[PDB]
Amino acid sequence: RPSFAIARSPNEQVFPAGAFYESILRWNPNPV
Amino acid sequence: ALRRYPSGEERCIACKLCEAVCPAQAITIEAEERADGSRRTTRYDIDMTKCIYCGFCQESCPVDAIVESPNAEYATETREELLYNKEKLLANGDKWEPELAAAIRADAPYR
Amino acid sequence: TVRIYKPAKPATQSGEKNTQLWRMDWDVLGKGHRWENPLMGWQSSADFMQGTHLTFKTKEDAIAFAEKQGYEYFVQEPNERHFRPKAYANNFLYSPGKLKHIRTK
Amino acid sequence: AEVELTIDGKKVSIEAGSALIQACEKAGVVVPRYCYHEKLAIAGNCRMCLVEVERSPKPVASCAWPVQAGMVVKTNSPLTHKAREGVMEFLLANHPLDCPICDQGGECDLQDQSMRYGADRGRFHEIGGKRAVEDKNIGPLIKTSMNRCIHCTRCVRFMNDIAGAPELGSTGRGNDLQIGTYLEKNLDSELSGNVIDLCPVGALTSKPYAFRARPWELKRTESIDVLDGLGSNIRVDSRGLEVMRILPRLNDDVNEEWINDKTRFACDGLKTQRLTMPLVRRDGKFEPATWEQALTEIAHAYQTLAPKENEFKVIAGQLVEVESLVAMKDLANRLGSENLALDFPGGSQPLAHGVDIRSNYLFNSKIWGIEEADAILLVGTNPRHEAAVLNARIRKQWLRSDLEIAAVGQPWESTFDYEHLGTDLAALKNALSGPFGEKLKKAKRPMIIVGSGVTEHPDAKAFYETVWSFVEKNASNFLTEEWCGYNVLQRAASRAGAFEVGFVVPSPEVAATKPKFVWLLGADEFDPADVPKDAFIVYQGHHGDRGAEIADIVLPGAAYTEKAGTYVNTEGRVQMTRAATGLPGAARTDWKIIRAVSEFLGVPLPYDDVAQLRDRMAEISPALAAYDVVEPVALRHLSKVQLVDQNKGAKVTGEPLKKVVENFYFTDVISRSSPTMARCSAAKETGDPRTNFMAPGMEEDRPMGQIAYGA
Amino acid sequence: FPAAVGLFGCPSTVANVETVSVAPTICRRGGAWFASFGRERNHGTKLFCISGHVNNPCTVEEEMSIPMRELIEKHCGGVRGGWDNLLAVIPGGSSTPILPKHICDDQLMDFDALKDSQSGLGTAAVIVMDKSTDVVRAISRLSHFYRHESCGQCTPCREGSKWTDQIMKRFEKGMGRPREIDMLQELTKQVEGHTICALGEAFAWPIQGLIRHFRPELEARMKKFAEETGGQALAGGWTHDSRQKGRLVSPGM
Amino acid sequence: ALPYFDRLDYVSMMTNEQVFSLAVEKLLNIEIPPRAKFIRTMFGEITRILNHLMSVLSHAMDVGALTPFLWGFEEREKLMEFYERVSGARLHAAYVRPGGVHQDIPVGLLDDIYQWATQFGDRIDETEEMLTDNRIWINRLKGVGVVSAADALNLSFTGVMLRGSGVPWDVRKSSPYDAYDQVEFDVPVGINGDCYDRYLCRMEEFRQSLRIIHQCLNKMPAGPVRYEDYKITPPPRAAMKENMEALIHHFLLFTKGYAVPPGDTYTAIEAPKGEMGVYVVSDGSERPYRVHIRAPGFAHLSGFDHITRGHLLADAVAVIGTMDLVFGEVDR
Amino acid sequence: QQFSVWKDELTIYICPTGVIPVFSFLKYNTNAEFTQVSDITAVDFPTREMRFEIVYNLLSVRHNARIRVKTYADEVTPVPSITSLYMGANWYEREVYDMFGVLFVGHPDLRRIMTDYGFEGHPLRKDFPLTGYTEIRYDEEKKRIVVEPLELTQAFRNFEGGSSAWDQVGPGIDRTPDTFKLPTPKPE
Amino acid sequence: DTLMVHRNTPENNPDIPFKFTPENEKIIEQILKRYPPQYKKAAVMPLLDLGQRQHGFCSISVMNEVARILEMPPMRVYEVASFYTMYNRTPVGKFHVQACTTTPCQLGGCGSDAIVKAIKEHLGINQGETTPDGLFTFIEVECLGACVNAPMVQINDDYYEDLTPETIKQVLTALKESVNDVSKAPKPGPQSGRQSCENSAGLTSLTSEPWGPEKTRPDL
Ligand code: SF4
Ligand code: SF4
Ligand code: SF4
Ligand code: SF4
Ligand code: SF4
Ligand code: FES
Ligand code: FES
């Protein structure tokens, strides 16, 4: 019954992606 | 005699151990699921003219459900009266419970 | 008629002690094997052989006894397994292509 | 190759690459086990198979230890003894003291191997208590007492690998690990009842066989399943005149330790709507009668009609044994009739395959042939519904080899991947000459399975010459010395036996004659057009169903559990059922009903002992004398004359191949009378995971309970 | 073995971080230089976590076979309360057995010396406890740790890690008779070598060390309990008056 | 199958079930605890007194003395209270079982047997007042039913039929079983092989069995009365209701039973009517493959023709009673 | 033919035709002074060509010793009677004959000893059923006791099927004296 | 009171829809390419964490979506999410307080018991529940790998370490105030001077300038 950190809308971000998943985007096996 | 718990439920859960160990094949048991889902007997017959009064049936019980009361005075007229069905064996336990509980209380340490 | 056979292992358990000896038993008849007792509901019988079974070490020992006593006999040949090497290592074989199975221990 | 090794001194000869527990079995050495099953993947969880191996500091798990060329195994050393007691002490520390209330009592591996390899007493007395877990709703058939789970993983391995139904799992960790679907779901698999037999303990029991019997009180009969065409080998456990349960017995040639749910639970349908006395329809109401004056009114009606040639018709049902086919074949012949129909639609007309060569209608690459199949084309068959245990064997080969499956027919929900080529005959001609054809042409041991459901398709003559003409074009691959890629799959236990004795309509001429008299011999799935309304109908059977509803006479026969009938399975193996009980009421053995009505119609069939009637069967087909074996077909190439020569000009109509099994649960009269199959259908439809769905037990909406089972 | 059938059934090797991370340097500096440090079979430097009852707990890398005494009061500010106020050291982490004061006096921290002392270096997570701490409570919190980390796949760990955890909470209170201590010794011997993985020894070794070096402690707590309730408890934690009070008491416990 | 042995010689119940237990225990390869050994040797001699009270007093009731019968059946009536306290049966106890005894004796019984013991000799002495020196009794048993020592052996005679012809032989002394090697007792052996010798040998055994019972009371050790192994003997009720292994062993013992290793044994004891033996073939399973009972009276009645030949019918009624004959023993 | 020893029991296995010589030697030898027959019985093994094993148990009061003698018989193959040596063996052989059908050549008055007078069958044979084939009752209409085919109000429930799927005794232990084992060849 | 079976809920039922956001699938794609193409079932662990960081906890619908992305039977995903503790199968607070109660923290510095005591009295809740305003769900955990920095309590993805009864209270309060202004969020790591794990009374080792590649074997 107490409120919980549950996403309300389908396009809501309840918790931040954080650093580790953020750096995954920058990954590219092709050398620059 | 067939006994109950303090609640009133029958102690017998139809394991059939007393039927397996009977030296004279005097016990016939048919069980199924009761309306509430409990494991209980539908038939419980003891041929008092096959039984040898060994007491094995009550040594094998895991719930003290079948006992032998101290009653030795029950000569009858017809031997049809000596085919105890589950309605008579429960009626016997209701009748004899204080004395059954007392004999169990005395002998339980040795059992 | 009597049936000479080697009892099959129970599906319920993995002990095979009772599959080791041949059993000779009598076939049930269409009438007289079991009827309901009108009084107590017990099962009455006329089959004097219903609870009798014989054990023999070999099939030919049972056949010899059956012919010695004049029984009619049907012999049932045992069903045996087919050996197949089983390897714990296969549980983790590598699939180059589509998995087509997700092994779950 | 063969490695050699010593176990307890004695040399055993086991193939290289097999596990030690397999060589211990071959060497005559009993090794305690719980997790290891011969037909399931190796799991090393139980630790009850720990043996002592030379040059190994720890005990090894024998079940997962491969055999090596020179190892020494001591299975009775003091290392082994204290290993087994220690495991038996752990397996019993949290086990519920529920042996009097457990259904596995008296047949439990935990009990027996505790008596043989454990200590006599226990050392667990914790005030903190034992583990206890909640029960799980996994469908109607299986009752769960999960406190008893010893975590062997046998059922998750069976359901995931053999049944192809991956809904059972193991959620949690450590002592709180639990077996069951995380969200309550109804285990949807026609093989799911095998989990109950596989369970070493009673944590998975059967709701029908809930608390009715103890294993010691059951008479065990080794008989045959007749609820499908595969002839599965079973054990019928009965207490007096009532069959209690039906278990699977090993036969690696047929069913391999597995039975389907229909053959395991339909036995409660053997005590519900049985015909127990003769019936005569008088003024539109069925009256009881004796045998002497029900067989009389059979004869009087027959004399009144005075039927001409082929006006007396027989329709044989799908549970009919071969003895009564041969007897009814004779009595039919002495009456001038060759009108010998079969239950299915199209069964009152001649069949597209003949019955002249045995290989025309058989599963020729025997059931064991799948174990080496490389490519398989399924035509007009949903094998998961028509032959459940066979379907599993296909998946076992598929999961371990490069097997390619293609199907022409109605798409079904398959436990193995398959290519769908089409639904009609053109989609077979286009497939057999298409990409998948070269798979059959290239792959050694190819296999074409033709469902008995195409025999009733109108285009079967075109279907059957399409298939065999491909087989004849592609021999030395389909038709080698020991292989035949042509296979017709029966779904009723009576079809192969009828074909073997020639119990079919011979010609189109006899097919068009209207009968004045129909003997429905256990026939209940007859099409209405195959019984003229005004005819005289005799029904001989054991269950009151459609057939008895229309009968003018009803004659009660025997069910397969109280006769020793001969049956032929789809592969051509001739097996014998063993009576487990006697006849109920005034019922009579089926072949004897025919033999008696021979006296009343004045043409007594010669034999009057069943030994004599088996001598007659030997004259029709000698393979019927060979028991528990398939007799190979010699003139296997002669099959072209029925399949292709007599099927040359076929009037193709283009109608698509039809499903044959609308309800896997309701296929025969025994099934339809079964309360358990009633619950299996209703639970399937409404998706109910509750064990007490139409059963005794307390519910949220039944605080009080219920005594109805099946409703 | 995973060198053949490992990850996705492919040949694989699993190696710890610190072992992998030191490979590039030993290549560029030379394995002889690595083998300079340590004893004959205990070469190299190694990273020590010095946690617990020392004044300044931290982690520092040091040569293998450093004496335990030489390490804590030189790289960590000393044990709290002084050397004489030490009680016991868990040398290699929760898995390795506890080591008392008089064994840890002249003990070298390597693979061989610790194995000789019926213990191990593990990952050298040196947990050091004071003389003013409940040692038995410390080990019961580990057997509680091992109860929660077991996968549950095999019998001797899925059942045994809970059974020993329930026993350890009793010995914490003293709710037992001293014969239970022997029963707990051979329960653990029933666990080692019978499990699929080495998490079985991981919870058997700590208990075995505690019985091996602190059995006077446990029996004292039982005696303190046996004084308070009026008699030696039954094996299992039930009080001596249990049958008198009408409870299930089998002959023997 | 153990209750079948109570009903063989139905006046000597706990020694019938002793020979079946000793036979099964020998194939089981087990040693039964000391307390049950003494319980069994005490109740085997209480049984021997019970049988001799039937045999001697019924013999004299046939011969026409009717008063000693009634006096000693009160002694019999008192000694069956001890049967009904250890078990709940006045006749068929089923008390002696393979592995010891079914239940421990109650906590005041060894005092009550000692109180009975203090006066039982006076009962023998008064029974002996009526028969031993009585000339009518003497002149109806002297020279009656005389068997030579050589013929008693050749006729398969055991017990007092063997011992009354001057052969010193008791199975208890020659193949000791239970706690008999731990007790001091004598063996009465007759001279003239007649009914008077066999009466005097039986009365002496009254006094010898009483002398054993008193010794058993003073050597009664403590400990289990049942073999301490639940794969053979049933666990206590309290264990079965509390421990997993105990309920499993309880369940399997009352449904399947214990397996006996394969083999055969012939086991004999010194039963009150002679030597009683059983031949048990075991098949390694839970049921006996073959049980054969050797009954002392069966061999005695077979030699009745050789012994009563030439005697009077009033002599033959005396020969029937001197041979300890219960026909449920003879016909099995 | 052979001899076995189990614990304190020595058994001798003899040819059926040797019955008179063997028992004479065991009766009248000064080192074999076995002058009692304790018991003669049979055991039935239908898996053998000779069904019946004849077991004799003998006692020597002189040497405080026991010996068991075993021979074999068949449905038609007779055994010598030993009532020429032991008068006590007479009724025992009547029992073996009455209960098994074995026939004892030389016996005076080999008649039934246990069964009823017109009884047909040998009850200790393993093919004989437990409740027999016939039952009796008093017929009021015939004024006598008559003999009828057997019907049982309750059929006998045979609980043999509840025997453990697992062997429970094992192979045992060999315990032969080294004086009766073959010497082993020492290496080199 | 963690359960290993699914309890049907208005916030946890299969009928509620889940889908990864039009931004997450980019993270999904990169994760998938890091494994063999047929062994995409290796990605179940990363996507369960991605699913529960978008929704709040590993719901039955979340788990079911991850099953269809990786062509798995959903029961294969239930066993994973039930095995691994970091997945939350029941809704949690905004801040999931994880206090380590294993022996090293129980002895390290001040014991963890005061730290649990401080949390309990300040948060007004017992083990395993959430606060009535639904911001803090407090549980105890096994060793978290910061033993030389005992006692330590991690909250969401950060380790507030070397804690005392006074310091853990203010670390929690500023975290409560962080729901509005991110400027007041407490810094991670340990308090009381230590940076990560160094000696608290001066550096015992690593004082001189580091040695570079100059000391390398010449043959290489
Ligand atoms: S009375 Fe006892 S032994 Fe008999 S069936 Fe009921 S519970 Fe079982
Ligand atoms: S006392 Fe009677 S009913 Fe009970 S087991 Fe014995 S014979 Fe059967
Ligand atoms: S599963 Fe076996 S051991 Fe467990 S309670 Fe049932 S019968 Fe007893
Ligand atoms: S439910 Fe039965 S088969 Fe499945 S893991 Fe548990 S014990 Fe094994
Ligand atoms: S020892 Fe290892 S494999 Fe076995 S249960 Fe414990 S963690 Fe699992
Ligand atoms: S049998 Fe090998 S571990 Fe279960
Ligand atoms: S003990 Fe808390 S971090 Fe290791």
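Note: hydrogens, waters and symmetry copies are ignored here, and every other heavy atom, side chains too, is used. We count ligands from 1, going down the list as the structure has it; atoms in each ligand are counted the same way. All chains are named by letter (A, B, ...) in the order of the sequence lines, taking the proteins before the strands, and each is independently numbered beginning at 1.
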Subset of ligand 3 atoms that lie under 4.0 Å from at least one heavy atom of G202(D): 1 (S)
Numbered atoms of ligand 7 (with element) below 4.0 Å of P104(H), judged on heavy atoms: 1 (S)
Contacting atoms of ligand 2, where contact means under 4.0 angstrom from a heavy atom of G55(B): 1 (S)
Residue, atom name and distance, where the atom is the protein heavy atom closest to atom 7 (S) of ligand 2: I52(B) N, 3.4 Å
Protein heavy atom at shortest distance from atom 8 (Fe) of ligand 2: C22(B) SG, 2.2 Å
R131(D) bridged to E159(E) by N-O distance under 4.0 Å: yes
salt_bridge(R111(B), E59(B)) N-O dist < 4.0 Å: no
Close approach, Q104(D) and ligand 3, non-hydrogen under 4.0 angstrom: yes
Contact with ligand 7 for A146(H), non-hydrogen, under 4.0 angstrom: yes
Metal proximity, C51(B) vs atom 2 (Fe) of ligand 2, N/O/S cut-off 2.8 Å: yes
Salt bridge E10(B)-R3(B), side-chain N to carboxylate O under 4.0 Å: no
Closest protein heavy atom (residue, atom, distance) for atom 1 (S) of ligand 7: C100(H) SG, 3.4 Å
Taking every non-hydrogen atom, the tightest pair across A138(E) and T103(H): O-OG1, 2.7 Å
Cationic N near anionic O, under 4.0 Å, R237(F) to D64(B): yes
Protein heavy-atom partner closest to atom 1 (S) of ligand 2 - residue, atom, separation in Å: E68(B) OE2, 3.2 Å
Side-chain ion pair, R97(F) and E17(F), N-O less than 4.0 Å: no
Under 4.0 Å to a heavy atom of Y53(B) - the qualifying atoms of ligand 2, by number: 1 (S), 2 (Fe)
Which of the ligand 3 atoms, numbered from 1, are nearer than 4.0 Å to a heavy atom of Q111(D): 3 (S), 7 (S), 8 (Fe)
Salt-bridge present (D98(D), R148(D); N to O < 4.0 Å): yes
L218(D) backbone acceptor or donor facing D237(D) side chain under 3.5 Å: no
Residue, atom name and distance, where the atom is the protein heavy atom closest to atom 4 (Fe) of ligand 2: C57(B) SG, 2.2 Å
Atoms in ligand 7 with a heavy atom of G145(H) nearer than 4.0 Å: 3 (S), 4 (Fe)
Close-contact set for ligand 3 against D98(D) heavy atoms, below 4.0 Å: 5 (S)
Heavy atom of the protein closest to atom 2 (Fe) of ligand 3 (residue, atom name, distance): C108(D) SG, 2.2 Å
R39(B) to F211(D) six-membered ring, cation-pi geometry met (6.0 Å, 45°): no
Contacting atoms of ligand 7, where contact means under 4.0 angstrom from a heavy atom of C105(H): 1 (S), 2 (Fe), 3 (S)
Atom indices of ligand 7, in the order listed, that fall short of 4.0 Å to a heavy atom of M152(H): 3 (S)
Closest non-hydrogen atom pair between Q195(H) and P190(H), with its separation: O-CD, 3.2 Å
Any N, O or S atom of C143(H) closer than 2.8 Å to atom 4 (Fe) of ligand 7: yes
Any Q25(B) heavy atom less than 4.0 Å to ligand 2: no
Where ligand 3 meets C99(D) - atom numbers and elements under 4.0 angstrom, heavy-atom basis: 3 (S), 5 (S), 7 (S), 8 (Fe)
Short N-O contact, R137(E) and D134(E), less than 4.0 angstrom: no
Numbering as shown, the atoms of ligand 3 that approach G105(D) to under 4.0 Å (heavy-atom distance): 7 (S)
Which residue and heavy atom of the protein sit nearest atom 6 (Fe) of ligand 2, plus the separation: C54(B) SG, 2.2 Å
Stacked cation flag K256(F) on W166(G), 6.0 angstrom / 45 deg: no
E142(H)/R141(E) salt bridge by N-O under 4.0 Å criterion: yes
Derivation of the side chain to side chain contact (heavy atoms under 4.5 Å, CB included) call for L92(D) and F124(D): CA-CA 9 Å; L92(D) 291 193; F124(D) 188 89; over 6 Å; no
